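Next up: the same protein chain in two forms, each one alone, written as structure tokens (structure 1, then structure 2).
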Structure 1
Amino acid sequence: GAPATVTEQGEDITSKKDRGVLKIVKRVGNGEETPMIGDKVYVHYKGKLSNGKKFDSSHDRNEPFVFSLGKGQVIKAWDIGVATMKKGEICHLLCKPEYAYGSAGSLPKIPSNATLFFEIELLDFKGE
């Protein structure tokens, strides 16, 4: 399924080239501009654990998730991954724990040492 496909066929987008964050573009976005550090970015997403369980979804909340890019307000895989996206793009990301929640995990749903799968849509970005 989709997690296996990004694991086996995804592009390493890390600067270290350590395969910690793998990406597949599922829907090409608009234009060529990607967000800038510090921009307010608006995303829709759904996350799955490696045991198949969905652990989060913004769609189910009927509102986007909003954060400032490149500031450590989200896991490192998101700062790196969203920075690669164009407006309107949908991608899949496969995030090793060193680029996610590490050995700590994150209650209530994310265990220690968890590899995470996300589908992310970049809805908009704005320089505040």
Structure 2
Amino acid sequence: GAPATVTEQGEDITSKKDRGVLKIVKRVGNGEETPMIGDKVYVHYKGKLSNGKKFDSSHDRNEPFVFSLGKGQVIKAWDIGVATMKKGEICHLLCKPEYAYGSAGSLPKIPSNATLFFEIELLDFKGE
């Protein structure tokens, strides 16, 4: 399925080239600009632990998920992944534990050394 597809075909968007964050563009966005570090970003997302045990969606709260890019308010894989997106784009992001919650995890929600899958839509972005 989608997680197996991104695990084998996704573009490695990490700086170390360690395959820690893998990406596939599923819906091309509009405009050639991506957000800058510090920008406020608005997304919709559907996330799960790679093994189908826990799920979380911005849609569960009936509102877009808002955060400041590159500030460490979300896991590393999100700060790296959302920075590559254009407005209106939908991507699939596979995140290894080194760019997510690591060996410590985030109990009770996330176990030790967990891989996470996200389908993210970048709705909009604006400067500081």
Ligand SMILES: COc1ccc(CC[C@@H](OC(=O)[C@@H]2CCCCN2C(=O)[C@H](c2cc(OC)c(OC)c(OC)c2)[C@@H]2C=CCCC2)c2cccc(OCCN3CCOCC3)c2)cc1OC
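Counting starts at 1 and follows the sequence of structure 1. Only the largest set of C-alpha atoms that superpose within 1.5 Å between the two forms is called the rigid core.
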In this pair, it is the form deposited with the named molecule bound that is given as structure 2
The CA shift of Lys109 between the two structures, rigid core aligned, in angstrom, is 1.9
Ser50: Cα shift between the two structures after core superposition, Å, came to 2.0
The CA shift of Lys26 between the two structures, rigid core aligned, in angstrom, is 0.2
